[PDB]
Amino acid sequence: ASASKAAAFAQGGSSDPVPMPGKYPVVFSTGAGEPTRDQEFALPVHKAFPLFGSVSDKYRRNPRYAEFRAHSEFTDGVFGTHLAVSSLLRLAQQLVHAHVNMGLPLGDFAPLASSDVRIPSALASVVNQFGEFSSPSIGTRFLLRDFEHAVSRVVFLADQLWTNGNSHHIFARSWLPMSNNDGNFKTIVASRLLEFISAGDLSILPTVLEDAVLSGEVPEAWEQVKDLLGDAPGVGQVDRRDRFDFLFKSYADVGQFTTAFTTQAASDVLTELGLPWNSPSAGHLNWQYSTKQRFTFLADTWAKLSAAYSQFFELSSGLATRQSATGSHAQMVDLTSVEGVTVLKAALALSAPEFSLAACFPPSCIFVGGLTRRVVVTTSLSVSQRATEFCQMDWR
Amino acid sequence: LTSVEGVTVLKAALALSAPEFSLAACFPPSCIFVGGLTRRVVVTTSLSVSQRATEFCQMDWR
Amino acid sequence: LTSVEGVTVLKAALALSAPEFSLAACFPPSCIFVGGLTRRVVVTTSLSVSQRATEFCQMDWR
Amino acid sequence: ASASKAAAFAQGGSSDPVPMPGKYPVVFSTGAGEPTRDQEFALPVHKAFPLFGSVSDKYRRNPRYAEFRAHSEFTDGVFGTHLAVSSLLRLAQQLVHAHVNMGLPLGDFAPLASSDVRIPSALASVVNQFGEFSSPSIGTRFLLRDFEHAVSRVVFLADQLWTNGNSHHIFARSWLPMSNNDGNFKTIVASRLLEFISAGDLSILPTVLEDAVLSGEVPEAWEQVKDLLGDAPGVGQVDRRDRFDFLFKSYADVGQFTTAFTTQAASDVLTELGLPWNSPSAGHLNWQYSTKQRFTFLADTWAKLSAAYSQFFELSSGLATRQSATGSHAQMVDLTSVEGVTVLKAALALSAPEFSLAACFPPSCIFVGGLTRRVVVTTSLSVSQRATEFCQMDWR
Amino acid sequence: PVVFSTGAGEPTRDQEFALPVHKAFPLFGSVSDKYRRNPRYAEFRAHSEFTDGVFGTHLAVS
């Protein structure tokens, strides 16, 4: 027990990603009150009413209230121009939030986020694209759109939700994180990944080498779709993009959609039902028309469903900022069912919440950055200094 | 509003008494439509009207 | 009054709360032809609106 | 004393069915007060008055109050909207309940289950079908309708009350539980049971193989009637459905449905009179017209049954939620009478109730499930570790 | 027009008549409060009405 310039430092450094999964569908299946008889069945319909209770809290008042802003994140009003409170936040939100709360431990060393200027923009879109069209496209379709990492405005975290695919297939092939950038760019998607990180690892995971038959499927197509996603979706809008995103997510590529996620009901349905701009300025008009209509749908919420005052379960959003929004080790998806469940994986989460997570196993497509920057200058203790000092105790 | 020699503040909306008549400065008017609505919404998944009926009915018998 | 699965009793006029739910066991009176009338009349042979305004105005000058 | 990661966990999991037997008839024969002389006989009819005295309690207030709701099964008020009570529950109800309370032991490992969205639906019907039309069809007919596992709305636990018949005759054959789902399906008869689980076990239990005489009179029709129940009752109503079912439950089929079925009368009389909807359509309207009327008839319990003010024996159904409704092995009937009465109880039920709970009740045809999920993750003590340790106490 | 006719202080002599014109000065005192800070401060927002900043981007006091 000797002494050489000690301290105690806290840190934060890592990445985070999110997905739109069939998870919401399990949370909006209408289990929450469909079988509740408080003759509230006076007021019509209850199909979308429940589902739509998903957004308007899980993206602005819950997560973007403490996670975003507090994350050393000086947020611009015009993305929170309207701090919202929807008492409809069933047992899923204060729960959901705890479930999905952007933030990792400090006793460890991680954090979350990569594009909250593009993600939300899309989410809002989805809430509108979904909570406006036909509320429940039965898994197939709506789920596709959301898990299809739908068309972008050039930023979209997509590339990550897509990176999932390629990696899974290439067993032996382990890629340098650089592959995480492949999302956008022209050539570098046909040199780094596709050619080098393919004619190398691709020429192995499936070395068809077919002759006079065009390497259809068998890696070479996923790469093409990859090459596409590189040059043919970043050149702008127009059918040339959808049609050639769709062509790349539609036909011939029926083998490329099998890797990731897809149904001829997302693409030919959703995709042919959104107008490429359904992700770009839709993401805008969904914030300055849909967010103001979010109002209507929120006020409608704080007016209609509010009327659900007569049951006695809901509560209101009383501004976090004190409530916070980070802490849950949503890291590494805790799921594995076989006769009996099995919550697994790294992220020494908790014990009281863990197992309570059944309602919702939060999952941020995190990258994970083993970083504990115990940065230390020694303009006062040239390592050696200590050395003699300590050395001068083993002598006597 | 209704003036004839002397004023006459009229009409439904059991407003107030202290402000009413003080309103001279400005008789506020919202082109309202008015919706006679008192939604005493009531589910009875615990008291099929009848239930009460016998209960009460079972007091007029004795 | 309306009955569907459960019994809902909407009462246009803010009636009561102790009788309401008790007074559904049978009665719910006739077809009145409501008359929105709150005759809050007011002669002005004492305070020609100007006088008031003239006064109140004398507290918005200084 | 080797210990290694012990615990102690309690569970629940198993089946449970129910039947409408001549059992009720023994409980409503009018032996509870027919000979009582208090001059209560003030110009009144006491035929149905007794029989219909247990209905409104043995299915909502008694069983569904704790059994159902507490069984962790999210109940909809519109199946218990009128959580009313009935004080006419003489000595048969608080008794009956204890006689038929669904909830096997945990010290063992079983529970209750078999569509409480269809059973009650039909029961309420019977209550109406019986307690309204013919209040005492003299065993033959009403008991039939009850036991006949009467027409369904596609669900009905009939399939099980019917499976009791095809397994009884087939001694040489035993079947895989997969024969339980034998209820509905267009193939149940053209595949598994009927053909395979018949051309194999049926071609032995009755291998007539008759020529130019059509072999149906030899339990190949039981397969046919089975066939029918497979394709001809699930195709809707078409009235003939009764005609068919009836045909299959009558016209010559009499030699078919007499292995585990009642008198055809309860089919042409009851069924035909009732009108195929008197099991699906009736149930609903019997739950939202008859359950409301259940009150008009509950009034019969709290007005007609209430008029019993002076005799002083009645006063049942005070609580619920707290009184519970599960924990009596009134299951595996296993009762036999010869000179003396012997009551064999497969499951170690009780000793104070047993011998007391033979006065009438001995619940349905459960399909036991030997299940004691004593699961145990091994991410702490890889068997070797333990063995490695214990072994370190067998070396020295 | 009856509220901006200039009754409020036109006949008030506090030699404030040093500073020119007083025609629109009074009338224009009508808005900038009766539509954002007065009514849209509690009525709008509180009316279960989650308002967008860009209509109250500037909460005013006159």
# chains A, B, ... in the order shown; residues from 1 in each chain; ligands from 1

$ closest_atom_pairs --of "segment 16-40 of chain B" --to "segment 44-54 of chain C" --cutoff "9 Å" --atoms "only C-alpha atoms" --output "JSON lines"
{"residue": "B:22", "atom": "CA", "partner": "C:52", "partner_atom": "CA", "distance": 8.6}
{"residue": "B:24", "atom": "CA", "partner": "C:49", "partner_atom": "CA", "distance": 6.0}
{"residue": "B:25", "atom": "CA", "partner": "C:53", "partner_atom": "CA", "distance": 6.2}

$ write_last_selection --atoms "N, CA and C atoms" --output "JSON list (two decimals), in the first residue's frame"
[["chain", "number", "residue", "atom", "x", "y", "z"],
["B", 22, "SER", "N", -70.45, 45.46, -14.34],
["B", 22, "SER", "CA", -69.13, 46.05, -14.42],
["B", 22, "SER", "C", -68.66, 45.87, -15.86],
["B", 24, "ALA", "N", -69.97, 46.84, -18.40],
["B", 24, "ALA", "CA", -70.26, 47.99, -19.23],
["B", 24, "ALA", "C", -69.07, 48.39, -20.09],
["B", 25, "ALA", "N", -67.89, 48.38, -19.47],
["B", 25, "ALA", "CA", -66.66, 48.70, -20.14],
["B", 25, "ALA", "C", -66.52, 47.89, -21.41]]

$ calpha_fit_rmsd --fixed "chain A" --moving "chain D"
0.8 Å

$ calpha_fit_and_write --fixed "chain C" --moving "chain B" --output "mmCIF file with N, CA, C and O atoms, in the first residue's frame"
data_model
loop_
_atom_site.group_PDB
_atom_site.id
_atom_site.type_symbol
_atom_site.label_atom_id
_atom_site.label_comp_id
_atom_site.auth_asym_id
_atom_site.auth_seq_id
_atom_site.Cartn_x
_atom_site.Cartn_y
_atom_site.Cartn_z
ATOM 1 N N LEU B 1 -80.860 8.718 -19.979
ATOM 2 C CA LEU B 1 -80.938 7.306 -20.294
ATOM 3 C C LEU B 1 -80.242 6.906 -21.577
ATOM 4 O O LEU B 1 -80.392 7.538 -22.630
ATOM 5 N N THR B 2 -79.529 5.792 -21.486
ATOM 6 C CA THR B 2 -78.787 5.211 -22.584
ATOM 7 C C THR B 2 -78.071 3.918 -22.167
ATOM 8 O O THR B 2 -76.970 3.929 -21.626
ATOM 9 N N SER B 3 -78.728 2.787 -22.408
ATOM 10 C CA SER B 3 -78.177 1.504 -22.007
ATOM 11 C C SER B 3 -77.538 0.672 -23.114
ATOM 12 O O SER B 3 -78.141 0.408 -24.154
ATOM 13 N N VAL B 4 -76.309 0.227 -22.829
ATOM 14 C CA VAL B 4 -75.511 -0.623 -23.695
ATOM 15 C C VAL B 4 -74.552 -1.436 -22.837
ATOM 16 O O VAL B 4 -73.507 -0.939 -22.412
ATOM 17 N N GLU B 5 -74.938 -2.675 -22.532
ATOM 18 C CA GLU B 5 -74.153 -3.541 -21.666
ATOM 19 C C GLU B 5 -74.133 -2.967 -20.264
ATOM 20 O O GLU B 5 -74.496 -3.619 -19.286
ATOM 21 N N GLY B 6 -73.713 -1.710 -20.212
ATOM 22 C CA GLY B 6 -73.663 -0.925 -18.999
ATOM 23 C C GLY B 6 -74.469 0.347 -19.209
ATOM 24 O O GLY B 6 -74.568 0.849 -20.328
ATOM 25 N N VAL B 7 -75.071 0.859 -18.144
ATOM 26 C CA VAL B 7 -75.874 2.055 -18.297
ATOM 27 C C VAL B 7 -75.052 3.309 -18.533
ATOM 28 O O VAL B 7 -73.829 3.317 -18.392
ATOM 29 N N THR B 8 -75.749 4.364 -18.926
ATOM 30 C CA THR B 8 -75.122 5.642 -19.181
ATOM 31 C C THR B 8 -76.127 6.774 -19.105
ATOM 32 O O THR B 8 -76.879 7.034 -20.045
ATOM 33 N N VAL B 9 -76.126 7.427 -17.950
ATOM 34 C CA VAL B 9 -76.993 8.548 -17.668
ATOM 35 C C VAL B 9 -76.401 9.784 -18.334
ATOM 36 O O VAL B 9 -75.323 10.212 -17.946
ATOM 37 N N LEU B 10 -77.044 10.364 -19.351
ATOM 38 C CA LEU B 10 -76.423 11.512 -19.997
ATOM 39 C C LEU B 10 -77.272 12.759 -20.039
ATOM 40 O O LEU B 10 -78.446 12.761 -19.674
ATOM 41 N N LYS B 11 -76.642 13.836 -20.513
ATOM 42 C CA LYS B 11 -77.251 15.126 -20.831
ATOM 43 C C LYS B 11 -77.336 16.294 -19.859
ATOM 44 O O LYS B 11 -77.397 16.156 -18.642
ATOM 45 N N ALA B 12 -77.364 17.465 -20.462
ATOM 46 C CA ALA B 12 -77.380 18.736 -19.762
ATOM 47 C C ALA B 12 -78.476 18.893 -18.702
ATOM 48 O O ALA B 12 -79.617 18.515 -18.962
ATOM 49 N N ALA B 13 -78.096 19.542 -17.589
ATOM 50 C CA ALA B 13 -78.935 19.731 -16.397
ATOM 51 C C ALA B 13 -78.119 19.246 -15.219
ATOM 52 O O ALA B 13 -78.306 18.129 -14.774
ATOM 53 N N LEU B 14 -77.126 20.039 -14.876
ATOM 54 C CA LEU B 14 -76.225 19.696 -13.803
ATOM 55 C C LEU B 14 -76.997 19.378 -12.533
ATOM 56 O O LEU B 14 -76.953 20.103 -11.539
ATOM 57 N N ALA B 15 -77.734 18.283 -12.640
ATOM 58 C CA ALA B 15 -78.633 17.777 -11.631
ATOM 59 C C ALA B 15 -77.975 17.671 -10.280
ATOM 60 O O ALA B 15 -77.800 18.667 -9.581
ATOM 61 N N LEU B 16 -77.661 16.436 -9.903
ATOM 62 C CA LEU B 16 -77.090 16.178 -8.600
ATOM 63 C C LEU B 16 -76.142 14.996 -8.581
ATOM 64 O O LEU B 16 -75.898 14.344 -9.594
ATOM 65 N N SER B 17 -75.615 14.752 -7.384
ATOM 66 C CA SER B 17 -74.710 13.660 -7.086
ATOM 67 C C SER B 17 -75.020 13.054 -5.725
ATOM 68 O O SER B 17 -74.470 13.459 -4.701
ATOM 69 N N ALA B 18 -75.905 12.064 -5.769
ATOM 70 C CA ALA B 18 -76.458 11.328 -4.644
ATOM 71 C C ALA B 18 -77.837 10.858 -5.075
ATOM 72 O O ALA B 18 -78.262 9.738 -4.791
ATOM 73 N N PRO B 19 -78.506 11.745 -5.812
ATOM 74 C CA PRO B 19 -79.788 11.455 -6.413
ATOM 75 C C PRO B 19 -79.513 10.886 -7.789
ATOM 76 O O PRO B 19 -80.035 9.838 -8.164
ATOM 77 N N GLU B 20 -78.633 11.569 -8.521
ATOM 78 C CA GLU B 20 -78.204 11.076 -9.810
ATOM 79 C C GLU B 20 -77.598 9.710 -9.549
ATOM 80 O O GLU B 20 -76.797 9.568 -8.625
ATOM 81 N N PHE B 21 -78.054 8.715 -10.305
ATOM 82 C CA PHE B 21 -77.645 7.332 -10.144
ATOM 83 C C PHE B 21 -78.627 6.584 -9.255
ATOM 84 O O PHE B 21 -78.757 5.362 -9.322
ATOM 85 N N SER B 22 -79.343 7.361 -8.448
ATOM 86 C CA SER B 22 -80.402 6.856 -7.597
ATOM 87 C C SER B 22 -81.678 6.901 -8.414
ATOM 88 O O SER B 22 -82.701 6.297 -8.086
ATOM 89 N N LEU B 23 -81.569 7.666 -9.496
ATOM 90 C CA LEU B 23 -82.629 7.919 -10.451
ATOM 91 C C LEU B 23 -83.065 6.666 -11.195
ATOM 92 O O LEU B 23 -84.059 6.689 -11.910
ATOM 93 N N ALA B 24 -82.283 5.593 -11.060
ATOM 94 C CA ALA B 24 -82.571 4.337 -11.735
ATOM 95 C C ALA B 24 -84.026 3.925 -11.583
ATOM 96 O O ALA B 24 -84.680 3.500 -12.533
ATOM 97 N N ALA B 25 -84.529 4.078 -10.364
ATOM 98 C CA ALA B 25 -85.905 3.765 -10.048
ATOM 99 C C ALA B 25 -86.838 4.445 -11.025
ATOM 100 O O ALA B 25 -87.786 3.846 -11.533
ATOM 101 N N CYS B 26 -86.555 5.724 -11.285
ATOM 102 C CA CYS B 26 -87.346 6.533 -12.192
ATOM 103 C C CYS B 26 -86.586 7.737 -12.726
ATOM 104 O O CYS B 26 -86.326 8.686 -11.992
ATOM 105 N N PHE B 27 -86.248 7.698 -14.003
ATOM 106 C CA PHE B 27 -85.603 8.837 -14.604
ATOM 107 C C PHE B 27 -86.676 9.811 -15.059
ATOM 108 O O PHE B 27 -87.297 9.639 -16.103
ATOM 109 N N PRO B 28 -86.938 10.794 -14.209
ATOM 110 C CA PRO B 28 -87.954 11.796 -14.459
ATOM 111 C C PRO B 28 -87.703 12.536 -15.758
ATOM 112 O O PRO B 28 -86.574 12.919 -16.055
ATOM 113 N N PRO B 29 -88.765 12.751 -16.535
ATOM 114 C CA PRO B 29 -88.611 13.449 -17.788
ATOM 115 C C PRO B 29 -89.809 14.329 -18.100
ATOM 116 O O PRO B 29 -90.919 13.840 -18.306
ATOM 117 N N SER B 30 -89.570 15.632 -18.138
ATOM 118 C CA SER B 30 -90.585 16.592 -18.515
ATOM 119 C C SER B 30 -90.235 17.047 -19.918
ATOM 120 O O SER B 30 -89.146 17.561 -20.152
ATOM 121 N N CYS B 31 -91.137 16.809 -20.869
ATOM 122 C CA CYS B 31 -90.906 17.135 -22.274
ATOM 123 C C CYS B 31 -90.518 18.582 -22.549
ATOM 124 O O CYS B 31 -90.786 19.101 -23.633
ATOM 125 N N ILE B 32 -89.847 19.191 -21.569
ATOM 126 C CA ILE B 32 -89.412 20.571 -21.588
ATOM 127 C C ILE B 32 -88.944 21.057 -22.944
ATOM 128 O O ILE B 32 -88.494 20.297 -23.798
ATOM 129 N N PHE B 33 -89.022 22.373 -23.093
ATOM 130 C CA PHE B 33 -88.584 23.066 -24.281
ATOM 131 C C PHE B 33 -87.232 23.711 -24.021
ATOM 132 O O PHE B 33 -86.377 23.775 -24.897
ATOM 133 N N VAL B 34 -87.059 24.197 -22.788
ATOM 134 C CA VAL B 34 -85.816 24.829 -22.387
ATOM 135 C C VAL B 34 -85.675 26.235 -22.951
ATOM 136 O O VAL B 34 -85.631 26.432 -24.166
ATOM 137 N N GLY B 35 -85.608 27.217 -22.055
ATOM 138 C CA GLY B 35 -85.474 28.598 -22.479
ATOM 139 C C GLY B 35 -84.273 29.299 -21.868
ATOM 140 O O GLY B 35 -84.347 29.836 -20.765
ATOM 141 N N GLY B 36 -83.166 29.307 -22.605
ATOM 142 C CA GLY B 36 -81.956 29.959 -22.147
ATOM 143 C C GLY B 36 -82.227 31.415 -21.805
ATOM 144 O O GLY B 36 -82.000 32.307 -22.621
ATOM 145 N N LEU B 37 -82.728 31.649 -20.591
ATOM 146 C CA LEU B 37 -83.073 32.995 -20.180
ATOM 147 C C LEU B 37 -82.525 33.410 -18.822
ATOM 148 O O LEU B 37 -82.922 32.883 -17.787
ATOM 149 N N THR B 38 -81.661 34.419 -18.844
ATOM 150 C CA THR B 38 -81.098 34.993 -17.637
ATOM 151 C C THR B 38 -81.198 36.508 -17.704
ATOM 152 O O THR B 38 -80.224 37.225 -17.929
ATOM 153 N N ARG B 39 -82.433 36.965 -17.546
ATOM 154 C CA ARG B 39 -82.784 38.364 -17.638
ATOM 155 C C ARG B 39 -82.135 39.258 -16.600
ATOM 156 O O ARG B 39 -82.779 39.707 -15.653
ATOM 157 N N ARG B 40 -80.860 39.559 -16.810
ATOM 158 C CA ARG B 40 -80.170 40.469 -15.925
ATOM 159 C C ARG B 40 -80.591 41.884 -16.289
ATOM 160 O O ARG B 40 -79.772 42.711 -16.684
ATOM 161 N N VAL B 41 -81.901 42.127 -16.219
ATOM 162 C CA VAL B 41 -82.480 43.415 -16.559
ATOM 163 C C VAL B 41 -81.872 44.529 -15.731
ATOM 164 O O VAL B 41 -81.775 44.423 -14.509
ATOM 165 N N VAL B 42 -81.413 45.590 -16.393
ATOM 166 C CA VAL B 42 -80.773 46.667 -15.663
ATOM 167 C C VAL B 42 -80.977 48.049 -16.251
ATOM 168 O O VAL B 42 -80.506 48.366 -17.344
ATOM 169 N N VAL B 43 -81.638 48.886 -15.462
ATOM 170 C CA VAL B 43 -81.839 50.276 -15.799
ATOM 171 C C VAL B 43 -80.616 51.036 -15.343
ATOM 172 O O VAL B 43 -79.996 50.669 -14.346
ATOM 173 N N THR B 44 -80.285 52.120 -16.027
ATOM 174 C CA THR B 44 -79.132 52.856 -15.559
ATOM 175 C C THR B 44 -79.342 54.347 -15.390
ATOM 176 O O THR B 44 -78.457 55.159 -15.662
ATOM 177 N N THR B 45 -80.531 54.680 -14.892
ATOM 178 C CA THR B 45 -80.898 56.052 -14.617
ATOM 179 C C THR B 45 -80.110 56.564 -13.426
ATOM 180 O O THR B 45 -80.654 57.208 -12.530
ATOM 181 N N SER B 46 -78.816 56.262 -13.429
ATOM 182 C CA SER B 46 -77.916 56.676 -12.369
ATOM 183 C C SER B 46 -76.469 56.352 -12.699
ATOM 184 O O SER B 46 -75.561 56.686 -11.936
ATOM 185 N N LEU B 47 -76.254 55.718 -13.850
ATOM 186 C CA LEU B 47 -74.913 55.362 -14.274
ATOM 187 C C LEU B 47 -74.801 55.158 -15.772
ATOM 188 O O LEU B 47 -74.483 54.056 -16.213
ATOM 189 N N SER B 48 -75.039 56.210 -16.551
ATOM 190 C CA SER B 48 -74.896 56.096 -17.990
ATOM 191 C C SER B 48 -73.524 55.519 -18.285
ATOM 192 O O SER B 48 -72.540 56.252 -18.184
ATOM 193 N N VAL B 49 -73.504 54.199 -18.558
ATOM 194 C CA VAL B 49 -72.334 53.363 -18.843
ATOM 195 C C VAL B 49 -71.038 54.144 -18.904
ATOM 196 O O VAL B 49 -70.020 53.787 -18.315
ATOM 197 N N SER B 50 -71.142 55.251 -19.622
ATOM 198 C CA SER B 50 -70.096 56.221 -19.782
ATOM 199 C C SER B 50 -69.562 56.700 -18.435
ATOM 200 O O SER B 50 -68.352 56.690 -18.230
ATOM 201 N N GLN B 51 -70.465 57.102 -17.524
ATOM 202 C CA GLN B 51 -70.090 57.590 -16.199
ATOM 203 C C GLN B 51 -68.980 56.764 -15.592
ATOM 204 O O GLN B 51 -67.934 57.270 -15.190
ATOM 205 N N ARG B 52 -69.231 55.466 -15.577
ATOM 206 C CA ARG B 52 -68.249 54.531 -15.106
ATOM 207 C C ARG B 52 -66.982 54.746 -15.921
ATOM 208 O O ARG B 52 -65.929 55.074 -15.377
ATOM 209 N N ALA B 53 -67.152 54.676 -17.246
ATOM 210 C CA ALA B 53 -66.086 54.861 -18.222
ATOM 211 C C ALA B 53 -65.056 55.910 -17.834
ATOM 212 O O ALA B 53 -63.890 55.575 -17.641
ATOM 213 N N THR B 54 -65.464 57.171 -17.683
ATOM 214 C CA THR B 54 -64.495 58.179 -17.284
ATOM 215 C C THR B 54 -63.888 57.840 -15.935
ATOM 216 O O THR B 54 -62.672 57.917 -15.760
ATOM 217 N N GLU B 55 -64.751 57.469 -14.986
ATOM 218 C CA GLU B 55 -64.303 57.109 -13.656
ATOM 219 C C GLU B 55 -63.166 56.098 -13.706
ATOM 220 O O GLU B 55 -62.144 56.251 -13.028
ATOM 221 N N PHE B 56 -63.390 55.023 -14.457
ATOM 222 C CA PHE B 56 -62.389 53.991 -14.634
ATOM 223 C C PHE B 56 -61.276 54.536 -15.517
ATOM 224 O O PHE B 56 -60.093 54.350 -15.236
ATOM 225 N N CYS B 57 -61.688 55.246 -16.561
ATOM 226 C CA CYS B 57 -60.766 55.889 -17.475
ATOM 227 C C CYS B 57 -59.827 56.806 -16.711
ATOM 228 O O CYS B 57 -58.679 57.016 -17.098
ATOM 229 N N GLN B 58 -60.346 57.350 -15.612
ATOM 230 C CA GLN B 58 -59.589 58.251 -14.770
ATOM 231 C C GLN B 58 -58.819 57.522 -13.678
ATOM 232 O O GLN B 58 -58.778 57.952 -12.527
ATOM 233 N N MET B 59 -58.194 56.418 -14.071
ATOM 234 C CA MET B 59 -57.375 55.616 -13.185
ATOM 235 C C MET B 59 -56.265 54.964 -13.987
ATOM 236 O O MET B 59 -55.257 54.502 -13.450
ATOM 237 N N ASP B 60 -56.479 54.957 -15.297
ATOM 238 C CA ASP B 60 -55.543 54.411 -16.255
ATOM 239 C C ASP B 60 -54.677 55.525 -16.821
ATOM 240 O O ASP B 60 -53.690 55.287 -17.516
ATOM 241 N N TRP B 61 -55.072 56.753 -16.493
ATOM 242 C CA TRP B 61 -54.376 57.949 -16.926
ATOM 243 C C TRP B 61 -53.142 58.205 -16.076
ATOM 244 O O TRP B 61 -52.044 58.413 -16.588
ATOM 245 N N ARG B 62 -53.351 58.192 -14.761
ATOM 246 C CA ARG B 62 -52.292 58.426 -13.802
ATOM 247 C C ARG B 62 -51.311 57.267 -13.844
ATOM 248 O O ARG B 62 -50.466 57.193 -14.729
#

$ atom_distance --atom1 "atom CA of residue 151 of chain A" --atom2 "atom CA of residue 72 of chain A"
29.4 Å

$ interface_residues --of "chain E" --to "chain C" --cutoff "12 Å" --atoms "only C-alpha atoms" --output "ChimeraX atom specification"
/E:2-16,26

$ interface_residues --of "chain A" --to "chain C" --cutoff "10 Å" --atoms "only C-alpha atoms" --output "list in words"
residues 37, 38, 39, 40, 41 and 42 of chain A

$ atom_distance --atom1 "atom CA of residue 38 of chain E" --atom2 "atom CA of residue 88 of chain A"
29.6 Å

$ residues_around --residues "residue 281 of chain D" --least-positions-apart "3" --cutoff "12 Å" --atoms "only C-alpha atoms" --output "CSV table (one decimal) with N, CA, C and O atoms, in the first residue's frame"
chain,number,residue,atom,x,y,z
D,118,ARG,N,-66.1,-20.1,-23.3
D,118,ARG,CA,-67.1,-20.9,-24.0
D,118,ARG,C,-67.9,-21.8,-23.0
D,118,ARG,O,-69.1,-22.0,-23.2
D,121,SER,N,-70.3,-19.5,-21.1
D,121,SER,CA,-71.2,-19.1,-22.2
D,121,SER,C,-72.3,-20.1,-22.4
D,121,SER,O,-73.5,-19.8,-22.5
D,122,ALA,N,-72.0,-21.4,-22.4
D,122,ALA,CA,-72.9,-22.5,-22.6
D,122,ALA,C,-73.7,-22.7,-21.3
D,122,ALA,O,-74.9,-23.0,-21.3
D,124,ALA,N,-74.4,-20.6,-18.8
D,124,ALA,CA,-75.5,-19.6,-18.7
D,124,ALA,C,-76.6,-19.9,-19.6
D,124,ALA,O,-77.8,-19.7,-19.2
D,125,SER,N,-76.3,-20.5,-20.7
D,125,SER,CA,-77.3,-21.0,-21.7
D,125,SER,C,-78.2,-22.0,-21.0
D,125,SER,O,-79.4,-21.9,-20.9
D,151,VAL,N,-74.3,-28.4,-28.8
D,151,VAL,CA,-73.8,-27.6,-29.9
D,151,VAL,C,-72.9,-26.5,-29.5
D,151,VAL,O,-73.1,-25.9,-28.4
D,152,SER,N,-71.9,-26.2,-30.3
D,152,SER,CA,-70.9,-25.2,-29.9
D,152,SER,C,-70.9,-24.0,-30.9
D,152,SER,O,-71.5,-24.1,-32.0
D,153,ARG,N,-70.1,-23.0,-30.5
D,153,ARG,CA,-69.8,-21.9,-31.3
D,153,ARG,C,-68.4,-22.0,-31.9
D,153,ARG,O,-67.7,-20.9,-32.1
D,237,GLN,N,-73.9,-22.9,-39.4
D,237,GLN,CA,-75.2,-23.2,-38.9
D,237,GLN,C,-76.0,-24.1,-39.8
D,237,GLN,O,-76.6,-25.1,-39.5
D,274,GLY,N,-84.3,-25.5,-29.5
D,274,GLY,CA,-83.4,-24.4,-29.1
D,274,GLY,C,-82.9,-23.6,-30.2
D,274,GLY,O,-82.8,-22.4,-30.1
D,275,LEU,N,-82.7,-24.2,-31.4
D,275,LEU,CA,-82.2,-23.5,-32.5
D,275,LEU,C,-80.7,-23.3,-32.4
D,275,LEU,O,-80.3,-22.5,-31.5
D,276,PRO,N,-79.9,-24.0,-33.2
D,276,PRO,CA,-78.4,-24.0,-33.2
D,276,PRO,C,-77.8,-22.8,-32.5
D,276,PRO,O,-76.6,-22.9,-32.0
D,277,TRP,N,-78.4,-21.7,-32.6
D,277,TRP,CA,-77.9,-20.5,-32.0
D,277,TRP,C,-78.0,-20.4,-30.5
D,277,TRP,O,-77.5,-19.5,-29.8
D,278,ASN,N,-78.8,-21.4,-29.9
D,278,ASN,CA,-79.0,-21.4,-28.5
D,278,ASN,C,-77.8,-21.8,-27.7
D,278,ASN,O,-77.9,-22.1,-26.5
D,284,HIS,N,-74.5,-15.5,-25.7
D,284,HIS,CA,-74.3,-14.0,-25.7
D,284,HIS,C,-75.5,-13.3,-25.1
D,284,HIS,O,-75.4,-12.6,-24.1
D,285,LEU,N,-76.6,-13.5,-25.8
D,285,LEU,CA,-77.9,-12.9,-25.3
D,285,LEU,C,-78.3,-13.5,-24.0
D,285,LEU,O,-79.2,-12.9,-23.3
D,286,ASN,N,-77.7,-14.5,-23.6
D,286,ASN,CA,-78.0,-15.1,-22.3
D,286,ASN,C,-77.1,-14.5,-21.2
D,286,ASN,O,-77.3,-14.6,-20.0
D,287,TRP,N,-76.0,-13.8,-21.7
D,287,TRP,CA,-75.1,-13.1,-20.9
D,287,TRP,C,-75.4,-11.6,-20.9
D,287,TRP,O,-75.1,-10.9,-19.9
D,288,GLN,N,-76.1,-11.1,-21.9
D,288,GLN,CA,-76.4,-9.7,-22.0
D,288,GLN,C,-77.9,-9.5,-22.2
D,288,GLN,O,-78.3,-8.5,-22.9
D,289,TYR,N,-78.7,-10.4,-21.6
D,289,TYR,CA,-80.1,-10.3,-21.6
D,289,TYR,C,-80.6,-11.3,-20.6
D,289,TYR,O,-81.6,-11.0,-19.9
D,290,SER,N,-80.0,-12.4,-20.5
D,290,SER,CA,-80.3,-13.5,-19.6
D,290,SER,C,-79.5,-13.3,-18.3
D,290,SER,O,-79.9,-13.7,-17.2
